[PDB]
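A short worksheet on the structure shown next.
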Amino acid sequence: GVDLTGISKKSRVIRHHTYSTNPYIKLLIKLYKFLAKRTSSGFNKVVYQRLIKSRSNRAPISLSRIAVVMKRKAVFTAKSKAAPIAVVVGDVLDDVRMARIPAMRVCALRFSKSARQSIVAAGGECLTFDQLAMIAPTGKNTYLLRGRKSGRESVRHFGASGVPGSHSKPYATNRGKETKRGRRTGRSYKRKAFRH
Amino acid sequence: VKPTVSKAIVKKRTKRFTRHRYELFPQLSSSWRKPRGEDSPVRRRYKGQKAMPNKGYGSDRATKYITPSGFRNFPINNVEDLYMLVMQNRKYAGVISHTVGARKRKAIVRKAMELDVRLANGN
Amino acid sequence: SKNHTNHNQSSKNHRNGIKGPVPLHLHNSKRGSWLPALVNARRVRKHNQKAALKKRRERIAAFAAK
Amino acid sequence: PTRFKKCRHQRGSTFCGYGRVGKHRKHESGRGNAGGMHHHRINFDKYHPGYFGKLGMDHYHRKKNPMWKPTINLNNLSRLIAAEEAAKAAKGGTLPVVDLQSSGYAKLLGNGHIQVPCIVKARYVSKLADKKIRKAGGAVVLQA
Amino acid sequence: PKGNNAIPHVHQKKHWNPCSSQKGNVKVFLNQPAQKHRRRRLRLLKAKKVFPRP
Amino acid sequence: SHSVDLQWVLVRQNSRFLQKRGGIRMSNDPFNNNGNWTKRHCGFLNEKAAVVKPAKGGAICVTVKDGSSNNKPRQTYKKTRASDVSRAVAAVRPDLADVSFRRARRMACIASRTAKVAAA
Amino acid sequence: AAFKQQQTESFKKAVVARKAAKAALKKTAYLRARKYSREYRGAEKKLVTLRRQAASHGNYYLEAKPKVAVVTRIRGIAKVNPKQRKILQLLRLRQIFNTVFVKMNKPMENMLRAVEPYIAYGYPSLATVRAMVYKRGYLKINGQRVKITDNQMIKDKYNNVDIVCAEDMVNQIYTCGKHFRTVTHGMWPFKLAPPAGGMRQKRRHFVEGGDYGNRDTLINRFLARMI
RNA sequence: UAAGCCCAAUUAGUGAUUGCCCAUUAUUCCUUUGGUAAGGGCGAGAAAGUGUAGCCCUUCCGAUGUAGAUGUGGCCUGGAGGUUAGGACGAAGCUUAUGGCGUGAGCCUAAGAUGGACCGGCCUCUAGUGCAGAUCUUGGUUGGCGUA
RNA sequence: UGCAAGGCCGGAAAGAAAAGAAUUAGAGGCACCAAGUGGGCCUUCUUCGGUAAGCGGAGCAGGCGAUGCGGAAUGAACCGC
RNA sequence: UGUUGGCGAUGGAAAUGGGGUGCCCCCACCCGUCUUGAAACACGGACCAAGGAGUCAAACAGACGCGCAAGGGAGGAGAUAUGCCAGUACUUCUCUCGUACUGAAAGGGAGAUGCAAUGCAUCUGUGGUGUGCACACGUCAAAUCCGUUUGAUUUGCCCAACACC
Ligand SMILES: [K+]
Ligand SMILES: [K+]
Ligand SMILES: [Mg+2]
Ligand SMILES: [Mg+2]
Ligand SMILES: [Mg+2]
Ligand SMILES: [Mg+2]
Ligand SMILES: [Mg+2]
Ligand SMILES: [Mg+2]
Ligand SMILES: [Mg+2]
Ligand SMILES: [Mg+2]
Ligand SMILES: [Mg+2]
Ligand SMILES: [Mg+2]
Ligand SMILES: [Mg+2]
Ligand SMILES: [Mg+2]
Ligand SMILES: [Mg+2]
Ligand SMILES: [Mg+2]
Ligand code: NA
Ligand code: NA
Ligand code: NA
Ligand code: NA
Ligand code: NA
Ligand code: NA
Ligand code: NA
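Protein chains in written order, with the entry's author numbering: chain P, 2 to 197; chain f, 2 to 124; chain b, 4 to 69; chain L, 2 to 145; chain I, 2 to 55; chain Z, 2 to 81, 88 to 127; chain c, 26 to 252.
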């Protein structure tokens, strides 16, 4: 007997294989597992790790955010070097709040019809990951991007709404029903909006 | 045809795992059921009781599924089934299904003799 | 029908350990402190933000020009 | 599908995931939302603050059609213009015309930066929206 | 142990379900395609009868 | 447009050529030289293929899929010592040389044994 | 065939370099072993002369305090207090008849004093250290337990010009060198057999006629029946 | 003249070291199974691979458990969409000192000196889908007993 | 141009010596969803009530419950594991 | 990794594994249950066959699969292939959830930078700071088949995210 108390609490929960039913996703995973195994770059390892994730953990990104971060990188870059390739493991959606964008090369798993049209009209190219594996087999001169996760309604619902310092929404279908007692000082009390 | 040689087969255990106390009741079958009684002696692992199946009783993977003749069994139903066995001669033997009739059994046995494919229940 | 004991409680508390405190540089809010100093601190922070914006603009212009 | 349920995994285990000590019994806490003030008070008070009480005036015969009033923003105004007219648009000359009440909107709000000058016909407008569109180069015309 | 769920208002506390003691109060739509076919056939017949009037 | 990798992903689990009896997976494919259910030997979906078959008398016939007339099912396969057979196969598919060599030897031995039992 | 030719040329170039590295490591190990043997003999002789010089004049000689201890666990894993459990876990004695080397300073002596009914310990000798490294020495390579079989593994594991052979490890452990912690942390805990011939009483101190506690340099005979 | 009590030894004042008996413990060897796993490859043999009859080879560590949770190219039953097959030269059902395979749930062959018309495997879909006990329900039987 | 507060700029750095001068089968942090349980009992030390008790009430830790195996001839909890 | 004998010459053989029954030595309290505690002088328990217990609907939530995305999607109904076909193919208008919240209510309603103090001017743009993947530029170790790897760190921009404003 060996004393190994609390040794199962060190185990980590990882995924290691995909639950997706998409044959094209399986083909992409087949390519990038090989690349991550046989290549020394960290770009391939990160991309392979993100292809295995679930749909909820691959949030969509926006064309306006792509344009803004690319410009902020470009202001401090030599005038003779070429702009990088924006890479997102996810979907690229359009923005009606930004009308004119530069010419960029973007690679993604999926494009909206409007996003594709906007990019090509501005003068760029929409690439696929098998094309990227042939342009940049190691990922040199790329910009790896992620989409936004907070601001989702589920995240804003997480928590208990009636403890001090808590600003999460309750689960309720009638908006005018849960006000009053515990939410106004005129009633018994009001839960405190701040706590150290 | 002769089979490919392998290591000796060991067979950790030969006796079967039978249910607790099935010898006293005619209606109980002998197939294994896991005992879940709170006071069960078999479940509590007393010294003189019968054993329960584990993963430790598993058999060596080099010789798993190999029959005493040295082959492995592949079920066949007609003459055309032998043509996909004709190439893995020394690995697999064919087992004619129970419901194939005498008329077809004659043809299957003749063809297997011509092709040099071993039959586990031939003739 | 009413009994009280502290027998298993230490073991239960240490199963997932006693977690240590948060470092003092995190959650370092200033709400509820002395208002006269709080107001002056706010003014200084505003000036600092303006200065940071100006410094970045100067850096950009220098890089572009040379 | 019945073949994916937990009861198929539990054939042979007597208690079905409810225990030998505290069994599975009919209604061990009451029926429905009973006890929200006595023995379910912690649940109610910590997850649903504000369930009990009264607040405000009444309105005996509410009709929503007279209260209809949807809104749209300046940086969103480009959804209501076609692509060709948007390309043809330019401040100082001939501008496209947008009819909010025909597109399904009533009030124009002023969040953001306007991406194209135009003439907007709206039932309502806000101070900032009016000022911003006038500065951009368009105009807003009240309709009914 | 009711955690953080909504407060339910499902409204099903009258004898709507038909059982050995209750007639029920339900309405199903299993005759929807048959009735649609019947309506169309009637309209075609009526147009044929009143021809040439619209 | 639709590649062999995609097709293999599509048919790996159910096909009319996959025989799963007992716990063993074999292949009914007439263009398989082995019987194994793998992408290398699945000759009905590969772009190029070659299979060794027994012919009348003691002849050995090699059937070759060149890869140019695919999408024309009536022109997909045109017919044609063990070293000679292996050299014939290696023109189309180098990774099918050893199995074709062994298959030619086995076909010759089967023919000889059949002639023996015919004389007897 | 260009790729195959390049591969075989590179392999033919690599084999000879491996042979040369083996040849060099052998000579380095030989030289270090010879010098260590000379140092041990010189130290012993110097102590002998000093003791004789004091004894002739009628004074006394005080010896340098021991610097290294060897600790083994003699009780199993059952009914242990939380504090002593944690001390044994920190000392890496989680099974019965596990053995380690520790520094005999104040922070470690005050730890050994608190788990006394569970351990036996003492001061090892060169023969004991050598036997425990050569017979039952294993390393931590990629988190695995690997037996020591040549000097190349030692060199690769430690990556330090002061530790390239097994005699380096023995010297560091025996003399409490500057790399004592590195050498002992890079090893798996020693797993020994029960003592042939038996124990005395695991429930009493060695002074009372039992087994646990500090037994000075008499631990060597105890370990010689376990290694 | 202990086979009792209190001390003390290990073959006895002869000279280095351990009298001997018994564990689901320790050390070591073989096999299985799982990893927060670690490396290598791509005359019979090799599939770029979570899970199989595991793609192939090497290596290290753990393995009990009531209430409870989860996983399984894990087993079984009635029906539906497909695919591949069997049967008057004998289907389903039934019998067993009929063996073989699987840790197991179970699967498969043999014999019937049984039967006389239907039915198997694989991939999906579906449900009134697995029994030893509820003073369980219905039908049959039984010791007491050739007794009172 | 002293003290307080927030920043920018530049420098040093046995990155923690020597004096018994740590050690680690030593990856830190953050969330979401849900079960069973809510009759306990024994022992070592510490104890309050009670004449006492295989009695009632507590503090610290270890056990049984949920667990066999090797010993005390036998024993839930003792000794070893 | 070879060497020397026995049995085995095609049988009603020999051998090796299974299976069946008896015997010897050793081991071994009766199941299910509730209970702190059951082998219990604690309840249920003569035998066999067939039957026999987490299911259907509806509201909400979290995780996972799929389609589209600042939009998504009906439903009811119609039209004609259509007169085998309760299916499949097609559809204007509308409706609903979302893109904006807040107040008891009358009501109001969210960009940045610079200059000034319902102000004015520009519009390729993270409101700022701290900690922060990958990529780019330098530097230093270890190992090396000498081609490169495995590590560390400096600076630029920092994506997601968290803390303070
Ligand atoms: K068996
Ligand atoms: K209680
Ligand atoms: Mg938002
Ligand atoms: Mg029981
Ligand atoms: Mg009032
Ligand atoms: Mg509760
Ligand atoms: Mg709870
Ligand atoms: Mg009635
Ligand atoms: Mg003893
Ligand atoms: Mg277990
Ligand atoms: Mg259980
Ligand atoms: Mg049915
Ligand atoms: Mg029998
Ligand atoms: Mg049922
Ligand atoms: Mg209990
Ligand atoms: Mg909202
Ligand atoms: Na029990
Ligand atoms: Na309960
Ligand atoms: Na039954
Ligand atoms: Na409970
Ligand atoms: Na209870
Ligand atoms: Na019960
Ligand atoms: Na019992």
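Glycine is no exception: its CB is placed at the ideal position from the N, C-alpha and C atoms.
* **Simplified DSSP state of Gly91/P, which is helix, strand or coil** => strand
* What's the call for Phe5/L, buried or exposed, on a 16-neighbour Cβ count within 10 Å? -> exposed
* Closer than 8 Å: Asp61/f CB and nearest ligand 4 heavy atom -> no
* Secondary structure of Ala94/c, DSSP reduced to three states -> strand
* Asked: Quick one: is the Cβ of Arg9/L within less than 8 Å of any heavy atom of ligand 18?
  -> no
* Asked: Taking 8 Å as the line, does the beta carbon of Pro19/I fall inside it for any heavy atom of ligand 6?
  -> no
* Report the residue from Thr97/c, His210/c, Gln31/c and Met178/c whose alpha carbon sits nearest the alpha carbon of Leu137/c. => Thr97/c
* To do: Within 10 angstroms of the Cβ of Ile21/b, are there 16 or more other Cβ atoms? Answer buried if so, exposed if not.
  => exposed
* Asked: Among the residues of its own chain, which have a CB less than 6 Å from the CB of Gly148/P, if the five just before and after it don't count?
  -> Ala60, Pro61, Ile62 and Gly91
* Asked: Should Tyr49/P be labelled buried (16 or more other beta-carbon atoms within 10 Å of its own) or exposed?
  -> buried
* **Spatial distance of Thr15/L from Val22/L (CA atoms)** => 13 Å
* Asked: According to the Cβ coordinates, are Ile252/c and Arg161/c closer than 9 Å?
  -> yes
* To do: Pull up the DSSP beta-bridge partners for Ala140/L, would you.
  => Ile120/L
* What do you get for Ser21/I, buried or exposed, if any count of 16 or more other CB atoms within 10 angstroms of its CB means buried? -> exposed
* To do: Would you please verify whether the beta carbon of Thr39/Z is less than 9 Å from any beta carbon of chain f?
  => no
* To do: Would you list, in chain order, the members of the stretch 138 to 164 of chain P that have their beta-carbon closer than 8 Å to a beta-carbon of chain I?
  => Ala161
* Using only alpha-carbon positions, find the residue among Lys72/P, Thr40/P and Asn142/P that is nearest to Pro85/P. => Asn142/P
* **Any 3 or more C-beta pairs closer than 8 Å across the stretch 83 to 98 of chain c and the stretch 122 to 138 of chain c** => yes
* To do: Report the partner residues of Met99/P according to the DSSP bridge assignment.
  => DSSP, once it has assigned bridges, lists no residue as partnering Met99/P.
* **Contact test: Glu39/f Cβ vs ligand 4 heavy atom, cutoff 8 Å** => yes
* Near-chain P residues of the stretch 27 to 58 of chain b - C-beta to any C-beta below 9 Å -> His30, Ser32, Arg34 and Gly35
* To do: Kindly indicate if chain P contains any beta-carbon less than 9 Å away from that of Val10/Z.
  => yes
* **Residues in the stretch 24 to 43 of chain I having any Cβ partner in chain P nearer than 7 Å** => none
* Asked: Apart from the five residues just before and just after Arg117/P, which ones in its own chain have a Cβ nearer than 7 Å to its Cβ?
  -> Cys127
* chain P contact residues for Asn6/I, given Cβ-Cβ distances below 8 Å -> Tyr172
* Asked: For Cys43/Z, does the three-state DSSP call read helix, strand or coil?
  -> coil
* To do: Take the Cβ of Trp38/Z as the centre, count every other Cβ of all protein chains shown within 10 Å, and call the residue buried at 16 or more, exposed below.
  => buried
* To do: Give the DSSP-derived three-state secondary structure of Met27/Z in the structure shown.
  => strand
* According to DSSP, is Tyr85/c helix, strand or coil? -> coil
* In chain order, what residues of the stretch 22 to 55 of chain Z put their CB closer than 7 Å to some CB of chain P? -> none
* Asked: Are there 16 or more other CB atoms within 10 angstroms of the CB of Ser107/Z, so buried, or fewer, so exposed?
  -> buried
* To do: Counting only the same chain and skipping the five closest in sequence on each side, list residues whose C-beta sits under 8 Å from that of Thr19/P.
  => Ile26, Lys27, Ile30, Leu52 and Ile53
* Thinking just about the alpha-carbon of each residue, which of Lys89/L, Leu143/L and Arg124/L is nearest to the one in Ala107/L? -> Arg124/L
* To do: Give a yes or no on contact between the stretch 163 to 175 of chain P and the stretch 57 to 70 of chain f, applying the rule of three or more CB pairs nearer than 8 Å.
  => no
* Which residue's Cα is closest to the Cα of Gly44/Z: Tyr78/Z, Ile61/Z and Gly24/Z? -> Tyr78/Z
* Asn74/f lies in the beta strand (DSSP E); which residues open and close that run? -> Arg73 to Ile77
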